[PDB]
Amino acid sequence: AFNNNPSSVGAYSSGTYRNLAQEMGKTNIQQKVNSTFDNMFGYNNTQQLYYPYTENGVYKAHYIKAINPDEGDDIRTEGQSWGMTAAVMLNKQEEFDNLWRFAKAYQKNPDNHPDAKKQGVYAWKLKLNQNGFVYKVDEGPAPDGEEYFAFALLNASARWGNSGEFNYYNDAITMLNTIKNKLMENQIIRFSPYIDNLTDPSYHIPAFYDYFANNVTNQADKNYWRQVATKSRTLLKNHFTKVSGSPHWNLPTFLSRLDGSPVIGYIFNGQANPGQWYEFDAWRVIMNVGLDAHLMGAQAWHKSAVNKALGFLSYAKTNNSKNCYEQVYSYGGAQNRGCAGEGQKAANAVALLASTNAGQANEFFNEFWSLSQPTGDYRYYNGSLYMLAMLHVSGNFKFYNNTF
């Protein structure tokens, strides 16, 4: 049965990981997780997201392909880092190494870039040119990519050691220093190096920062990352307070100020959507809250955040002519951007690790578990989240500490 009373003590401290799918009475759980990875990482052109990159017939590395029917396929740091994360959780070293080799070679901006703000950060959008060779479309970062890269690299060090192709640990510490030096304002993750007083709630994964703190080897840095963790929980708590009730109706938003206030409308040239939309990034917020509750312990704010967000989505579904909740809301109003897809349902299933409502759990969990693995033209974002959620709901998303 669903555990509707999640522990205040996290799995990171106790070593006890929940298996949500098992709580929900499912069977063949590990087989389903394993086939999800195999199909995402297999050469089937169906669920597949993991593709080789070759130059003049010489194999180089692999990438997570951000398939995109509207704008042309591209390659993103988020997807790359998520794929590495999935690989390390399932002990898939070759896949991990192939993805990391690509990131370090082709996504990383040089340390001597003329713009100091870009030095060592990872260009968020690459493409293959008309001759098949990789190039950077946009050198600016998507900072949760660097967050996941650091996380994944620290875990790779812990599981596999540092005497193979990569010194994962050194690569991870380099990544953490890049985050600190290039991607932080006042210990809050930036949306952009070029804009102050701006964060993206979906980038806040407080438990990652606690894991970073336990995996650095100097006291100042340990304290730094613990403080980032506390400030991240504060930001999320504040954001959830600010989106409660009217006018945001309990869904977190794309962009926020450092006090948690949603950003209203457009604020910069190039911005893809209004700041106050619950959109694709925002989907991940309650997933991250579930993650944090599971790994570091459920507090009242985690439970309220998820219970109210899921409650809104259920209500919104009852007020939808398609009998679905949608992908994009603004001020509690549907924006007609489609019924929830697999990735949104996956994010919401992970959020259940902070839920106290068994009825909600039954519904959101079963809506995820009944899905087939994403295929087709929208599978990048749906399929990447589906993979992560499969790990989270099967007890496979674990923190592996390094030993000093």
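A residue's number is simply how far along the shown sequence it sits, counting from 1.
In this entry, the higher average B-factor at the C-alpha atoms falls on 156-164, of the pair 156-164 and 79-87.
Legend: mean Cα B-factor per stretch from the PDB entry, 60-68 versus 24-32; the higher mean is in 24-32. Comparing the listed residues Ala346, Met40, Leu371, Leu352, the entry records the largest Cα B-factor for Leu371.
Taking the deposited Cα B-factors for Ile189, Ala300, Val285, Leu313, the highest one is held by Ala300. Placement of the Cα temperature factor of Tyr135 within the chain: middle third of the modelled residues, per the deposited record. Among the modelled residues of the chain, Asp74 sits in the middle third by CA temperature factor in this PDB entry. For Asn238, the recorded CA B-factor ranks within the middle third of the chain. Only modelled residues enter the ranking. When all modelled residues of the chain are sorted by CA temperature factor, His248 is found within the middle third. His204: CA B factor in the lowest third of modelled residues in this chain (values from the PDB entry).
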